[PDB]
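Okay, so here's just one chain, in structure tokens, the form deposited in one PDB entry.
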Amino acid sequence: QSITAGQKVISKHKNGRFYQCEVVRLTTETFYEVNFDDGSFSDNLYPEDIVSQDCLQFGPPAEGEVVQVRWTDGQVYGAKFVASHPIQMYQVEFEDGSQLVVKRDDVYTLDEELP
């Protein structure tokens, strides 16, 4: 089942419960993968988290390129760029006006049983 924009669906609100919501847009989110200098691996960096070069302006680093990364703790780490992969996601709006950007697997059609 493809999900299309304008479709009523069911997904989890920010309060953690399933509600009907409406798909307002199909977006593409690009995630970066890097190997930190200590060998730990991240698969979901945003391009703007690369702080050794301007990837929002000039695209991803070359594969294997040395980079510095601003992590979710606000600190900067050395790493090496592994890959980038774009992911189709679904911007949904709930009855209260709140919105989320979610993965295909987190969206359910009205006809289907919920987990």
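Position 1 is the first residue in the sequence shown; the rest follow in order.
One more form of this protein should be noted, the form deposited with a partner chain bound, which is absent from this view; the next part is about it.
None of the heavy atoms of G64 is located within 4.5 Å of its partner chain in the entry with it bound. Among residues of the shown chain, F41 is one whose heavy atoms approach its partner chain to within 4.5 Å in the entry with it bound. Put simply, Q57 is far from its partner chain in the entry with it bound: not one heavy atom of it is within 4.5 Å.
Residue contact with its partner chain in the entry with it bound: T72 places a heavy atom within 4.5 Å of it.
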